[PDB]
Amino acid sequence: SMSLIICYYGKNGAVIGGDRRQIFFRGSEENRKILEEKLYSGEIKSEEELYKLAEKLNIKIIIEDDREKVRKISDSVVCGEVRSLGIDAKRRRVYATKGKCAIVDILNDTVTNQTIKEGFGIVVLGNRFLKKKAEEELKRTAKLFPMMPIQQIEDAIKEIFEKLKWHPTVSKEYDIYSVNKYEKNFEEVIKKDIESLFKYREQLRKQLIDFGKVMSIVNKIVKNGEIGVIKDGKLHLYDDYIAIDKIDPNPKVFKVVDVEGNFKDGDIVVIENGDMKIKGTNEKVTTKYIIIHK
């Protein structure tokens, strides 16, 4: 979630800093909201205040600080991201190279806004409180950045992260990266990075689709039915039914199923309460396969 990213771009290069902290809340949507407002307004000054207020509101907190939010893609490009994963996956990414910066907004699998900037400036992403304080701290050095060596800008940005990291939306560790080369294919590099996000999301989607196929197979298992007729020692299933070799997202399907037991050709196979037997005789029918409704 929203902590702090600070990004400079100018003729001397680009510099980005960001922390790593994510906070997950579990509990009522309304109390969640109350907690976030106080967290992002500056009312909540420490972790102890946060944990205390959360327990009073019946919200469980999970803080995870393994989220790298800024990266260095190459000699010429740095980037950062803020995001909110809820019902919707909301992201705002900043990319920067010497002399240029881009901001891209993404809702789920759609780019909803983009901004490209050339010249020099600063982009601050994060919560209101930290955004404002960083901007306030920045107004004292930001004018000087275009005339500074890169290391001094790094330092100026570190200083701001040192001054603000007491805040509980910030991790203990933060990352600073800079580049001093111009990326000639800036837009392509951004495009490729964004496509990777979409590929990754399409993979998660496939995993969830597969889970749903499996659950759907499990709910379709036959507990009751007249399912077919014995022929050549095999169960020839009726149209409403099919067999599968195992519970899997895309299993081998069978209409004609190897079975064992005391029956003969023309005997009708039934299942009642999940017990497979011969109609009339009531003799037991075993199989390796799983029978499901079409």
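All residue numbers are counted from 1 along the displayed sequence.
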According to the deposited model, is the average Cα temperature factor higher in 24-32 or in 250-258?
-> 24-32
Greater mean Cα temperature factor according to the PDB record, 217-225 or 72-80 | 217-225
Highest recorded Cα temperature factor - choice among 125, 150, 85, 96 = 85
Check where residue 177 lands among this chain's C-alpha B-factors and tell me if it's the lowest, middle or highest third.
-> lowest
Chain-wide C-alpha B factor ranking for residue 204, given as lowest, middle or highest third | highest
Pull the Cα B-factor of residue 52 out of the PDB entry and bin it into the chain's lowest, middle or highest third.
-> highest
Can you tell me which third, lowest, middle or highest, the CA B-factor of residue 210 falls into for its chain?
-> highest
Against its chain's modelled residues, does residue 285's Cα B factor rank lowest, middle or highest third?
-> middle
